[PDB]
$ cat upload.cif   # mmCIF, C-alpha atoms and all ligand atoms
data_my_file
loop_
_atom_site.label_atom_id
_atom_site.label_comp_id
_atom_site.auth_asym_id
_atom_site.auth_seq_id
_atom_site.Cartn_x
_atom_site.Cartn_y
_atom_site.Cartn_z
CA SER A 38 38.97 260.29 48.82
CA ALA A 39 40.50 260.28 52.35
CA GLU A 40 38.52 262.29 54.97
CA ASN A 41 41.71 263.71 56.60
CA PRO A 42 44.87 265.41 55.10
CA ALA A 43 47.49 262.82 54.14
CA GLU A 44 50.50 264.91 53.04
CA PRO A 45 52.86 266.67 55.52
CA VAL A 46 52.57 270.45 56.00
CA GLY A 47 55.37 272.27 54.11
CA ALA A 48 57.19 269.24 52.68
CA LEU A 49 57.08 267.91 49.09
CA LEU A 50 57.93 264.38 47.99
CA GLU A 51 61.11 264.28 45.86
CA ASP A 52 61.33 260.51 45.25
CA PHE A 53 59.78 257.20 46.31
CA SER A 54 60.39 253.45 46.24
CA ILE A 55 58.10 250.39 46.24
CA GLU A 56 59.06 248.57 49.46
CA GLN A 57 56.34 245.93 49.18
CA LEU A 58 54.22 244.90 46.20
CA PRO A 59 50.39 244.67 46.39
CA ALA A 60 49.17 241.26 47.71
CA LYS A 61 47.16 240.77 44.46
CA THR A 62 49.47 240.48 41.40
CA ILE A 63 47.19 238.05 39.42
CA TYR A 64 43.89 239.24 38.01
CA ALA A 65 40.92 237.79 36.16
CA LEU A 66 39.59 239.55 33.01
CA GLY A 67 37.53 242.66 33.90
CA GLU A 68 38.86 242.91 37.50
CA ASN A 69 39.94 246.28 39.03
CA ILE A 70 43.44 246.85 40.48
CA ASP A 71 43.81 246.15 44.23
CA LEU A 72 46.67 248.05 45.90
CA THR A 73 46.11 246.34 49.35
CA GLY A 74 49.55 245.42 50.72
CA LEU A 75 51.49 247.96 48.65
CA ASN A 76 54.09 249.85 50.75
CA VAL A 77 55.66 252.98 49.33
CA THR A 78 58.36 255.06 51.05
CA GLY A 79 58.62 258.68 50.02
CA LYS A 80 61.78 260.80 50.32
CA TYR A 81 60.66 264.38 51.24
CA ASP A 82 62.49 267.75 50.88
CA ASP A 83 62.53 268.21 54.75
CA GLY A 84 64.80 265.12 54.94
CA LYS A 85 62.04 263.03 56.57
CA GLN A 86 61.05 259.70 54.96
CA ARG A 87 57.33 258.84 55.15
CA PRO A 88 54.91 256.06 54.09
CA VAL A 89 52.89 257.13 51.01
CA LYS A 90 49.33 256.02 50.21
CA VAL A 91 49.00 255.85 46.37
CA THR A 92 45.80 257.62 45.16
CA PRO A 93 43.93 256.02 42.17
CA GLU A 94 44.84 258.63 39.49
CA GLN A 95 48.58 257.97 40.14
CA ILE A 96 48.37 254.47 38.48
CA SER A 97 48.81 253.97 34.72
CA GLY A 98 49.37 250.86 32.53
CA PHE A 99 46.95 248.59 34.43
CA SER A 100 44.34 247.00 32.12
CA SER A 101 42.41 243.72 32.74
CA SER A 102 40.66 243.79 29.26
CA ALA A 103 42.89 241.08 27.71
CA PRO A 104 45.20 238.24 28.93
CA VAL A 105 48.74 239.52 29.63
CA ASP A 106 51.40 237.30 31.23
CA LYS A 107 53.50 240.32 32.47
CA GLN A 108 51.93 243.85 32.53
CA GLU A 109 53.94 246.91 33.73
CA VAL A 110 51.87 249.06 36.18
CA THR A 111 53.39 252.52 36.82
CA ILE A 112 53.03 254.84 39.88
CA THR A 113 53.48 258.56 38.94
CA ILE A 114 54.06 261.10 41.81
CA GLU A 115 55.97 264.48 41.72
CA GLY A 116 57.17 263.68 38.16
CA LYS A 117 58.80 260.49 39.52
CA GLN A 118 57.88 256.99 38.32
CA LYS A 119 58.22 253.44 39.75
CA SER A 120 56.71 250.25 38.29
CA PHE A 121 55.59 246.75 39.31
CA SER A 122 54.30 243.75 37.28
CA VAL A 123 50.88 242.12 37.26
CA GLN A 124 49.45 239.18 35.35
CA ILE A 125 46.05 239.27 33.65
CA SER A 126 45.06 235.58 33.59
CA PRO A 127 42.83 234.22 30.72
CA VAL A 128 39.92 233.61 33.12
CA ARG A 129 36.63 235.27 34.20
CA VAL A 130 35.47 235.28 37.84
CA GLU A 131 31.95 236.46 38.80
CA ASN A 132 31.04 236.51 42.54
CA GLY A 133 34.02 234.18 43.29
CA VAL A 134 32.98 231.60 40.63
CA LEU A 135 35.41 230.69 37.78
CA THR A 136 32.84 231.41 35.01
CA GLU A 137 35.19 231.10 32.01
CA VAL A 138 38.59 229.65 30.98
CA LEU A 139 39.96 230.86 27.60
CA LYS A 140 41.52 228.35 25.17
CA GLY A 141 45.07 228.67 23.77
CA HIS A 142 46.81 229.13 27.16
CA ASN A 143 48.78 226.03 28.27
CA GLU A 144 49.55 227.39 31.79
CA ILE A 145 46.65 228.84 33.85
CA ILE A 146 47.49 230.68 37.13
CA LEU A 147 44.24 231.41 38.90
CA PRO A 148 43.63 234.81 40.66
CA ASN A 149 42.96 234.84 44.47
CA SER A 150 39.31 235.83 43.83
CA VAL A 151 38.41 232.19 42.84
CA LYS A 152 36.28 230.68 45.65
CA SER A 153 34.78 227.83 43.54
CA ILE A 154 35.37 226.04 40.20
CA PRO A 155 32.05 224.96 38.63
CA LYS A 156 31.13 221.68 36.93
CA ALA A 157 33.25 220.96 33.75
CA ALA A 158 35.22 224.33 33.98
CA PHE A 159 38.40 222.64 32.47
CA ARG A 160 36.63 219.67 30.74
CA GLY A 161 38.50 218.58 27.58
CA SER A 162 41.06 221.41 28.09
CA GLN A 163 44.12 221.05 25.89
CA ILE A 164 46.41 222.55 28.52
CA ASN A 165 49.56 221.60 30.41
CA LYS A 166 49.46 223.15 33.90
CA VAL A 167 47.01 224.76 36.38
CA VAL A 168 48.08 226.54 39.58
CA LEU A 169 45.04 226.61 41.85
CA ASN A 170 44.96 229.69 44.09
CA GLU A 171 44.82 230.14 47.86
CA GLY A 172 41.17 230.93 48.61
CA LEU A 173 39.83 228.12 46.34
CA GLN A 174 37.31 226.21 48.46
CA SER A 175 35.53 223.77 46.08
CA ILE A 176 35.84 222.07 42.63
CA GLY A 177 32.73 220.92 40.71
CA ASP A 178 31.76 217.68 38.90
CA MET A 179 34.05 216.59 35.97
CA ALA A 180 35.99 219.88 36.28
CA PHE A 181 39.03 218.40 34.53
CA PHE A 182 37.24 215.52 32.74
CA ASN A 183 39.49 214.32 29.82
CA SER A 184 41.90 217.31 30.17
CA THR A 185 45.47 216.89 28.83
CA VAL A 186 46.71 218.70 32.02
CA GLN A 187 50.13 217.36 33.16
CA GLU A 188 50.34 219.27 36.48
CA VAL A 189 47.80 220.70 38.93
CA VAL A 190 49.04 222.64 42.01
CA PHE A 191 46.46 222.38 44.82
CA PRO A 192 45.91 225.11 47.53
CA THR A 193 45.73 224.72 51.37
CA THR A 194 42.17 226.17 51.39
CA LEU A 195 40.76 223.35 49.07
CA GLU A 196 37.97 221.90 51.22
CA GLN A 197 35.28 220.34 49.02
CA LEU A 198 35.37 218.17 45.88
CA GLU A 199 32.60 216.84 43.63
CA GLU A 200 32.85 213.58 41.62
CA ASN A 201 34.77 212.55 38.40
CA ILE A 202 37.11 215.60 38.49
CA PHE A 203 40.27 213.93 37.02
CA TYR A 204 38.39 211.17 35.13
CA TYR A 205 40.46 210.44 31.90
CA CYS A 206 43.34 212.81 32.89
CA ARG A 207 45.84 210.52 31.21
CA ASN A 208 48.78 213.00 31.58
CA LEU A 209 48.23 214.04 35.27
CA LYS A 210 51.43 212.44 36.64
CA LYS A 211 50.98 213.46 40.29
CA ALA A 212 48.20 214.77 42.52
CA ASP A 213 49.56 216.28 45.75
CA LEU A 214 46.52 216.91 47.97
CA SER A 215 48.59 216.46 51.19
CA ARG A 216 48.31 220.16 52.21
CA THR A 217 44.51 220.51 51.62
CA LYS A 218 41.59 220.34 54.14
CA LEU A 219 39.80 217.46 52.33
CA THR A 220 37.93 215.03 54.63
CA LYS A 221 36.56 213.05 51.61
CA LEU A 222 38.09 211.96 48.29
CA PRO A 223 34.92 211.54 46.14
CA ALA A 224 33.81 208.69 43.91
CA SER A 225 35.52 208.28 40.52
CA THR A 226 38.06 211.14 41.15
CA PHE A 227 40.94 209.54 39.18
CA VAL A 228 39.27 206.98 36.79
CA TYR A 229 41.74 206.24 33.88
CA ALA A 230 44.04 209.11 35.12
CA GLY A 231 47.80 208.75 34.52
CA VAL A 232 48.56 209.50 38.24
CA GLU A 233 51.78 207.77 39.28
CA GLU A 234 51.60 209.26 42.80
CA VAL A 235 48.68 210.63 44.88
CA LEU A 236 49.50 212.25 48.28
CA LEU A 237 46.40 212.50 50.48
CA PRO A 238 45.88 214.91 53.48
CA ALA A 239 45.92 213.84 57.19
CA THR A 240 42.35 215.23 57.39
CA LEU A 241 41.08 212.53 54.91
CA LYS A 242 38.46 210.22 56.51
CA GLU A 243 36.95 208.55 53.40
CA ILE A 244 37.92 207.29 49.96
CA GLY A 245 34.90 207.18 47.66
CA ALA A 246 33.78 204.33 45.39
CA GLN A 247 35.98 203.87 42.21
CA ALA A 248 38.14 206.94 43.33
CA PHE A 249 41.27 205.16 41.90
CA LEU A 250 39.48 202.79 39.44
CA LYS A 251 41.77 201.83 36.46
CA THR A 252 44.77 203.93 37.64
CA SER A 253 47.20 201.73 35.64
CA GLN A 254 50.22 204.04 36.36
CA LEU A 255 49.70 204.40 40.18
CA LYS A 256 52.87 202.81 41.61
CA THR A 257 51.83 202.69 45.31
CA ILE A 258 49.32 204.30 47.65
CA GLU A 259 49.74 205.34 51.27
CA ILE A 260 46.24 205.71 52.74
CA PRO A 261 46.56 208.55 55.35
CA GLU A 262 46.32 208.02 59.13
CA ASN A 263 42.72 209.11 59.80
CA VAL A 264 40.96 207.20 56.97
CA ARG A 265 37.98 205.19 58.25
CA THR A 266 36.41 204.03 54.94
CA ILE A 267 37.61 202.70 51.54
CA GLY A 268 34.63 202.69 49.11
CA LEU A 269 33.32 200.14 46.58
CA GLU A 270 36.09 199.25 44.08
CA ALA A 271 38.15 202.31 45.24
CA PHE A 272 41.36 200.69 43.78
CA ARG A 273 39.76 198.26 41.28
CA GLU A 274 42.24 197.51 38.40
CA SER A 275 44.86 199.93 39.78
CA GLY A 276 48.55 199.35 38.94
CA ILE A 277 49.55 199.73 42.66
CA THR A 278 52.30 197.34 43.78
CA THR A 279 51.74 198.02 47.55
CA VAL A 280 49.09 199.61 49.84
CA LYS A 281 49.72 201.07 53.31
CA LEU A 282 46.59 201.78 55.37
CA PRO A 283 46.00 202.76 59.08
CA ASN A 284 44.76 200.37 61.84
CA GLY A 285 41.85 202.79 62.35
CA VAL A 286 40.26 201.69 59.02
CA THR A 287 36.78 200.28 59.84
CA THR A 288 35.34 199.73 56.28
CA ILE A 289 36.99 198.11 53.26
CA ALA A 290 34.10 197.80 50.79
CA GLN A 291 33.50 195.01 48.28
CA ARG A 292 36.11 194.55 45.55
CA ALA A 293 38.12 197.59 46.92
CA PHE A 294 41.31 196.05 45.43
CA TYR A 295 39.57 193.92 42.76
CA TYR A 296 41.87 192.67 39.95
CA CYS A 297 45.02 194.67 40.88
CA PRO A 298 47.48 192.64 38.74
CA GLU A 299 50.72 194.02 40.30
CA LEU A 300 49.59 194.29 43.94
CA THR A 301 52.03 192.31 46.16
CA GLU A 302 51.36 193.68 49.67
CA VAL A 303 48.65 195.25 51.84
CA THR A 304 50.35 196.46 55.07
CA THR A 305 48.94 198.24 58.11
CA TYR A 306 50.39 200.93 60.44
CA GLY A 307 49.26 203.02 63.45
CA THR A 308 48.06 202.38 67.01
CA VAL A 309 44.71 204.26 66.77
CA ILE A 310 41.76 201.81 67.08
CA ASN A 311 38.16 202.76 66.26
CA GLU A 312 35.47 200.69 67.91
CA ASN A 313 32.49 199.84 65.71
CA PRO A 314 30.67 196.47 65.71
CA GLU A 315 29.95 196.92 61.92
CA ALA A 316 33.73 197.25 61.06
CA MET A 317 34.25 194.89 58.13
CA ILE A 318 36.38 193.84 55.16
CA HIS A 319 33.53 193.23 52.66
CA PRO A 320 33.37 190.27 50.24
CA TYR A 321 35.91 189.62 47.38
CA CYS A 322 37.95 192.63 48.44
CA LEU A 323 41.17 191.28 46.89
CA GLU A 324 39.77 188.83 44.35
CA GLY A 325 41.84 188.76 41.10
CA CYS A 326 45.17 189.74 42.79
CA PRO A 327 47.54 186.88 41.73
CA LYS A 328 50.78 188.63 42.82
CA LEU A 329 49.56 189.31 46.43
CA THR A 330 51.92 187.69 49.02
CA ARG A 331 50.91 189.69 52.15
CA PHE A 332 47.52 190.76 53.55
CA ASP A 333 47.53 192.73 56.83
CA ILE A 334 44.09 193.16 58.40
CA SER A 335 43.30 196.54 60.02
CA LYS A 336 43.20 196.14 63.80
CA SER A 337 39.81 197.94 63.96
CA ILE A 338 38.05 195.32 61.70
CA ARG A 339 35.52 193.02 63.38
CA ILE A 340 34.08 191.01 60.46
CA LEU A 341 35.87 189.17 57.64
CA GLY A 342 33.61 188.60 54.60
CA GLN A 343 33.41 185.94 51.83
CA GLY A 344 36.28 185.23 49.36
CA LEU A 345 38.56 188.06 50.51
CA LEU A 346 41.56 186.67 48.52
CA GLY A 347 39.52 184.58 46.04
CA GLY A 348 41.70 182.76 43.49
CA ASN A 349 44.98 183.92 45.01
CA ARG A 350 47.74 181.33 45.60
CA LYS A 351 50.71 183.48 46.67
CA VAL A 352 49.47 184.44 50.22
CA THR A 353 50.77 181.30 52.11
CA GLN A 354 50.75 182.92 55.63
CA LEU A 355 48.01 184.95 57.26
CA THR A 356 47.57 186.65 60.62
CA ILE A 357 44.05 187.30 61.94
CA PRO A 358 44.27 190.01 64.69
CA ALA A 359 42.63 189.74 68.16
CA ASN A 360 39.92 192.38 67.28
CA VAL A 361 38.27 190.02 64.70
CA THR A 362 35.02 188.68 66.20
CA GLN A 363 33.39 187.15 63.06
CA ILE A 364 34.55 185.16 60.00
CA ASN A 365 31.99 184.46 57.25
CA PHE A 366 31.42 181.57 54.83
CA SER A 367 34.51 180.86 52.63
CA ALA A 368 36.36 183.99 53.88
CA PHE A 369 39.79 182.50 53.07
CA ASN A 370 38.55 179.65 50.85
CA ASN A 371 39.94 179.29 47.25
CA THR A 372 43.42 180.41 48.53
CA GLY A 373 46.91 178.93 48.86
CA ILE A 374 47.14 179.76 52.59
CA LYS A 375 49.04 177.01 54.49
CA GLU A 376 49.60 178.77 57.84
CA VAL A 377 47.17 180.97 59.81
CA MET A 378 47.85 182.61 63.17
CA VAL A 379 44.61 183.66 64.96
CA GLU A 380 45.61 186.07 67.70
CA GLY A 381 42.31 186.37 69.62
CA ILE A 382 42.33 184.77 73.08
CA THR A 383 38.57 184.73 72.48
CA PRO A 384 37.95 182.91 69.14
CA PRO A 385 36.19 184.79 66.27
CA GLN A 386 32.66 183.40 65.95
CA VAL A 387 31.42 181.36 62.95
CA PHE A 388 27.64 181.14 62.52
CA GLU A 389 27.34 178.92 59.41
CA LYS A 390 26.47 175.24 59.47
CA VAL A 391 29.02 174.75 56.58
CA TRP A 392 31.88 177.25 57.00
CA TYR A 393 34.85 176.46 54.62
CA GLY A 394 36.62 179.45 56.24
CA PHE A 395 40.09 178.22 55.19
CA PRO A 396 41.15 175.88 52.32
CA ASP A 397 40.96 172.05 52.79
CA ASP A 398 44.74 171.77 52.22
CA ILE A 399 45.61 174.35 54.97
CA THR A 400 48.53 172.91 57.03
CA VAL A 401 48.19 174.60 60.42
CA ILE A 402 46.07 177.07 62.45
CA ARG A 403 48.10 178.61 65.34
CA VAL A 404 46.02 179.99 68.25
CA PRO A 405 46.98 181.28 71.80
CA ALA A 406 48.11 178.29 74.02
CA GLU A 407 45.48 179.18 76.69
CA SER A 408 42.69 179.06 74.01
CA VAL A 409 43.46 175.83 72.04
CA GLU A 410 40.32 174.06 73.55
CA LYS A 411 38.10 177.18 73.07
CA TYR A 412 38.94 177.01 69.33
CA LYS A 413 38.67 173.22 69.07
CA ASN A 414 35.15 173.24 70.59
CA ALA A 415 33.93 176.26 68.55
CA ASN A 416 31.59 176.14 65.54
CA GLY A 417 33.58 176.35 62.28
CA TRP A 418 36.99 176.10 63.97
CA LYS A 419 36.12 172.48 65.08
CA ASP A 420 36.21 171.49 61.32
CA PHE A 421 39.98 172.06 61.51
CA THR A 422 40.54 170.49 65.04
CA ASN A 423 43.41 168.22 63.76
CA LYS A 424 45.21 171.30 62.32
CA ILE A 425 44.84 173.55 65.41
CA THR A 426 47.99 174.07 67.56
CA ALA A 427 49.34 176.54 70.15
CA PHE A 428 51.62 179.61 69.90
CL CL B 501 37.11 243.85 41.31
#

$ encode --input "upload.cif" --output "structure tokens" --more "lines below"
Ligand SMILES: [Cl-]
Amino acid sequence: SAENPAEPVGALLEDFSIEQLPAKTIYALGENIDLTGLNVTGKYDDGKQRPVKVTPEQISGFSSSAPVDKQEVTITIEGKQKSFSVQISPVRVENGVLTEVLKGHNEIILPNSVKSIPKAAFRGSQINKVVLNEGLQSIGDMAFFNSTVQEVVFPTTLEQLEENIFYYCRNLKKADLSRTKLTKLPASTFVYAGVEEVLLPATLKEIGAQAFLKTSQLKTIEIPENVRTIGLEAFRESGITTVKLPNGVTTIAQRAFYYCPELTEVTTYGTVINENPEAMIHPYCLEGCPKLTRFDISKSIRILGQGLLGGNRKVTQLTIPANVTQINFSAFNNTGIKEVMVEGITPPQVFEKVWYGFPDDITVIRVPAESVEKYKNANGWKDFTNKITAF
């Protein structure tokens, strides 16, 4: 009850109209109506129009006992009635936690009261579509594990993810996370998922281990601008034909693109450079990629590991950028590379007694004209003296 009189002295409402609906039009089972945001204009018998605050006993037809897709809620004042629609979703929310999802509903629209989705909340769900609500902050482990879900709409408030959420989501065609606040895409997020397209947010800094493992339908991937790290086997056995990644990438873990049978290009973009002496493309990163013809190295990488393109024969030209300071044993060995351009005025260092950094049948190594002798006298590089020339 309001402390002060609300109605005008001497004037009675004759009619009213809903000018703005309540902000909450989606409810969970057992939730109470929330009229916040409702704007009513009353026509009074003194000719003056006035805002009307609806008192609780004036509502009828609202009931959150059972799922209802469209429920008519009526406002009754001065024998006059106006109605609006609400949806009672087949879900239970207790202290902001999605505690229950009811079966037999192919489209789930979550209420705004959902703050977190717990572990396995939609696991094995035989549903088609989920609209995640604004206000959702986190999603728990295996939340959609082996769901038949075809579409998931993500909210701008989504901040935190646990692991294996879309593992075995064979029908999830697209995951548009581009408008979320995610800084990390966790390990095994899309293993065996049918994702054809995954749009990542500008806030993303890390891609977890096996995040896109066995994504056979993923056509391409654009790694967003602020990503620093690509985890162990992040794209192992993915169907990706091309990868775009920023020049700020400092870690590409082992076998990150292992056995991608349709991968043809790895290209870089951006002018942001992150300094870190540990920045490395880890061993056998693109082993088992027989269709790869182009491999751009992130301009923030310092170290090139063993067998980066192991067994490949279609990359015939390679550019090593000026930021590379170290090349390990057999880095580009077991390849079909014929032409390498090493851009560093200062040669990358080689510490092994037996290097095999490039194949025996390499044709030429092009280095800056002012550095030809620095390369020819250097450990490792001296093994290819008769193939070194200027650019
Ligand atoms: Cl409530």

$ closest_atom_pairs --input "upload.cif" --of "chain A" --to "ligand CL 501 (chain B)" --cutoff "9 Å" --atoms "only C-alpha atoms and all ligand atoms" --output "Markdown table"
| residue | atom | partner | partner_atom | distance |
| --- | --- | --- | --- | --- |
| A:64 | CA | B:CL501 | CL | 8.8 |
| A:65 | CA | B:CL501 | CL | 8.8 |
| A:67 | CA | B:CL501 | CL | 7.5 |
| A:68 | CA | B:CL501 | CL | 4.3 |
| A:69 | CA | B:CL501 | CL | 4.4 |
| A:70 | CA | B:CL501 | CL | 7.1 |
| A:71 | CA | B:CL501 | CL | 7.7 |
| A:150 | CA | B:CL501 | CL | 8.7 |

$ atom_distance --input "upload.cif" --atom1 "atom CA of residue A:183" --atom2 "atom CA of residue A:137"
17.5 Å

$ residues_around --input "upload.cif" --residues "residue A:109" --least-positions-apart "2" --cutoff "10 Å" --atoms "only C-alpha atoms" --output "PyMOL selection string"
chain A and resi 97-100+105+107+111+119-124

$ closest_residue --input "upload.cif" --among "A:75, A:406, A:138, A:189" --to "residue A:59" --atoms "all atoms listed in the file"
A:75

$ closest_residue --input "upload.cif" --among "A:269, A:318, A:293, A:409" --to "residue A:364" --atoms "only C-alpha atoms"
A:318

$ axis_aligned_box --input "upload.cif" --around "stretch 223-239 of chain A" --padding-each-side "6 Å" --output "AutoDock Vina command-line options"
--center_x 42.8 --center_y 210.6 --center_z 45.5 --size_x 30.0 --size_y 20.7 --size_z 35.3

$ atom_distance --input "upload.cif" --atom1 "atom CA of residue A:168" --atom2 "atom CA of residue A:192"
8.4 Å

$ residues_around --input "upload.cif" --residues "stretch 41-54 of chain A" --least-positions-apart "3" --cutoff "7 Å" --atoms "all atoms listed in the file" --output "mmCIF file with C-alpha atoms, keeping the file's coordinate frame"
data_model
loop_
_atom_site.group_PDB
_atom_site.id
_atom_site.type_symbol
_atom_site.label_atom_id
_atom_site.label_comp_id
_atom_site.auth_asym_id
_atom_site.auth_seq_id
_atom_site.Cartn_x
_atom_site.Cartn_y
_atom_site.Cartn_z
ATOM 1 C CA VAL A 77 55.660 252.980 49.330
ATOM 2 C CA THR A 78 58.360 255.060 51.050
ATOM 3 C CA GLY A 79 58.620 258.680 50.020
ATOM 4 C CA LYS A 80 61.780 260.800 50.320
ATOM 5 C CA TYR A 81 60.660 264.380 51.240
ATOM 6 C CA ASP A 82 62.490 267.750 50.880
ATOM 7 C CA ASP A 83 62.530 268.210 54.750
ATOM 8 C CA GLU A 115 55.970 264.480 41.720
ATOM 9 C CA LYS A 117 58.800 260.490 39.520
ATOM 10 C CA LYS A 119 58.220 253.440 39.750
#

$ atom_distance --input "upload.cif" --atom1 "atom CA of residue A:236" --atom2 "atom CA of residue A:256"
12.0 Å

$ residues_around --input "upload.cif" --residues "residue A:237" --least-positions-apart "3" --cutoff "8 Å" --atoms "only C-alpha atoms" --output "NGL selection string"
:A and (213-215 or 241 or 259-261)

$ closest_residue --input "upload.cif" --among "A:198, A:66, A:58, A:167" --to "residue A:186" --atoms "only C-alpha atoms"
A:167

$ closest_residue --input "upload.cif" --among "A:286, A:271, A:176, A:379" --to "residue A:362" --atoms "all atoms listed in the file"
A:379

$ closest_residue --input "upload.cif" --among "A:245, A:219, A:366, A:63" --to "residue A:170" --atoms "all atoms listed in the file"
A:63

$ residues_around --input "upload.cif" --residues "stretch 203-207 of chain A" --least-positions-apart "2" --cutoff "6 Å" --atoms "all atoms listed in the file" --output "list in words"
residues 181, 182, 183, 184, 201, 209, 226, 227, 228, 229, 230 and 231 of chain A

$ residues_around --input "upload.cif" --residues "residue A:400" --least-positions-apart "6" --cutoff "8 Å" --atoms "only C-alpha atoms" --output "PyMOL selection string"
chain A and resi 375-376+424

$ closest_residue --input "upload.cif" --among "A:187, A:349, A:217, A:291" --to "residue A:171" --atoms "only C-alpha atoms"
A:217

$ residues_near_point --input "upload.cif" --point "(47.1, 189.8, 67.4)" --cutoff "12 Å" --atoms "all atoms listed in the file" --output "number ranges by chain"
A: 333-337, 355-361, 377-384, 403-405, 428

$ residues_near_point --input "upload.cif" --point "(36.4, 229.8, 44.7)" --cutoff "12 Å" --atoms "all atoms listed in the file" --output "ChimeraX atom specification"
/A:129-136,147-155,169-177,192,194-198

$ decode --input "upload.cif" --residues "stretch 334-345 of chain A" --atoms "C-alpha atoms" --output "PDB file, in the first residue's frame"
ATOM      1  CA  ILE A 334      53.163 -16.726 -38.953  1.00  0.00           C
ATOM      2  CA  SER A 335      51.801 -14.285 -36.331  1.00  0.00           C
ATOM      3  CA  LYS A 336      54.113 -11.274 -36.075  1.00  0.00           C
ATOM      4  CA  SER A 337      54.240 -11.624 -32.249  1.00  0.00           C
ATOM      5  CA  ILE A 338      55.739 -15.193 -32.387  1.00  0.00           C
ATOM      6  CA  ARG A 339      59.380 -15.575 -31.307  1.00  0.00           C
ATOM      7  CA  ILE A 340      59.954 -19.351 -31.454  1.00  0.00           C
ATOM      8  CA  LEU A 341      59.128 -21.851 -34.230  1.00  0.00           C
ATOM      9  CA  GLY A 342      58.893 -25.445 -32.936  1.00  0.00           C
ATOM     10  CA  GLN A 343      59.535 -28.919 -34.454  1.00  0.00           C
ATOM     11  CA  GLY A 344      57.604 -30.284 -37.498  1.00  0.00           C
ATOM     12  CA  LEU A 345      55.145 -27.380 -37.802  1.00  0.00           C
TER      13      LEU A 345
END
